[PDB]
Structures are given as C-alpha cells and as structure tokens.
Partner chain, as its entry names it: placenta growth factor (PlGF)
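First, one chain by itself: the form deposited without its partner chain, in structure tokens.
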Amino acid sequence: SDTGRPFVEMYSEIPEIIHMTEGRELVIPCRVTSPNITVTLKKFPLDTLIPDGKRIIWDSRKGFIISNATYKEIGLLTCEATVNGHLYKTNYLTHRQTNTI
C-alpha cells in the first residue's frame, strides 16, 4: 500500500535474525506490494548493497536473493523505501549460523 506501507512483511523492533551460511542463497525478505516502488538494500551505517541483478537479484515478490552469500552480507542489513513522502525501513541481522562457514 502506497498510503500505508510498501513492505508485505517487516521487522517488529528487533532486527530479523537470519541464521545464514556462506555460499548459500541468502534471501532478505523485504518484498513490496507494488514492484514499481523499488527497495534500496542498505547496510549499517550507510553502506549500499547495489542489486547487480547477477548475484544480488532483487525479487520484489520474494526478497533480495544473494545467490552466493559472502562477508559483504554478514551484518545489520536495512531495506529502505521512500513512498508517500515517508521513509519506511526494515532490518535484517545476518548472523553466521554455528554450523560451518
């Protein structure tokens, strides 16, 4: 919803703890109702994970699909979207799961 909230799903208060593993298909689930809106995938503080559309494939109806996760996706990611003159955001803490690399 433009005059409501772009995201289908968002964090509550605590960032979404994604128990990831390197080399795997890391989806950051911050999809939007209308693809037109177009989300920008930041990382704390003001880093920018540009959706290259090769490895980092921006599926508006699923999430940001980093086909092969790396150290560049280990931290506090922040999906951001300015809509009706209002900045919405949602946070995703990408934790290296205690399984392997």
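Numbering follows the first chain given and starts at 1.
Here the subject shifts to the form deposited with its partner chain bound, a form of this protein not shown in this document.
task: Check each of 74, 37, 65, 49 and return the one that places a heavy atom within 4.5 angstroms of its partner chain in the deposited bound form.
output: It is 74 that has a heavy atom within 4.5 Å of the partner.
task: Could you tell me if all three of 17, 43 and 91 have a heavy atom no more than 4.5 Å from its partner chain in the deposited bound form?
output: Every residue of the candidate spot has a heavy atom within 4.5 Å of its partner chain in the deposited bound form.
query: Any chance residue 96 has a heavy atom within 4.5 Å of its partner chain in the deposited bound form?
result: Close contact exists here: in the deposited bound form, residue 96 approaches its partner chain to within 4.5 Å, heavy atoms only.
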